[PDB]
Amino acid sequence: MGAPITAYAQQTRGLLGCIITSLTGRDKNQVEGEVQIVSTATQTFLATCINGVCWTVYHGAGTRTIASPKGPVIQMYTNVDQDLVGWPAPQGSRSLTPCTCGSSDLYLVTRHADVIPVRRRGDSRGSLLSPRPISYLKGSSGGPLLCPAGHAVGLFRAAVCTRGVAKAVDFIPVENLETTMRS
């Protein structure tokens, strides 16, 4: 965190454990980290904690509750158009703070804990300095786009690919989070 951006991933639940928890809606496991790898019974993506709220894509979470040690938790915010949903951040998670330097040199953190450089090219668009196959970005929706100082700039939303390789990425800028909260 801060200086050079480095990240690591840790799996905490298996297929059967996830299914039971999805249905019971009660997760007793300990939470740590800024980005949580989450899954429904149909897909797996990421959710990032920014300023005390666990945000992710509505495309992934839809309008579902998040399993917690106290039972399922209702979302705090939902914005179909902005493609956002947020729940109170899990107890144990650590939050990122929005970027306050307008850097155009972003870093996308994928579900494999890789941080790949992205050059901002339009408020909600950035180009991959090193194109990766689309399969590499799958599962990373809801993940963070960081500024060199480790502050959230946006949440990964869509891949701009052709012939199966992603050249660019569309993301939800933090400003929309504040707008969704205010709306």
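One rule holds for the numbers: they count along the sequence shown, beginning at 1.
Averaged over Cα atoms, the B-factor as recorded in the entry is higher for 95-103 than for the other of 95-103 and 69-77. For the pair 78-86 and 108-116, the mean B factor over Cα atoms is greater in 78-86. For the set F156, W55, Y136, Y58, the maximum C-alpha B-factor listed in the entry falls on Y136. By the numbers in the PDB entry, the CA B factor is greatest at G164 among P173, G25, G164, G17. For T42, the recorded CA B-factor ranks within the highest third of the chain. Only modelled residues enter the ranking. Per-chain ranking of the deposited C-alpha B factor places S124 in the highest third. In the deposited entry, the Cα temperature factor of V160 sits in the top third of values across the chain's modelled residues.
When the CA B factors of the chain's modelled residues are split into thirds, the value for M1 lands in the highest one. In the deposited entry, the Cα temperature factor of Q30 sits in the top third of values across the chain's modelled residues.
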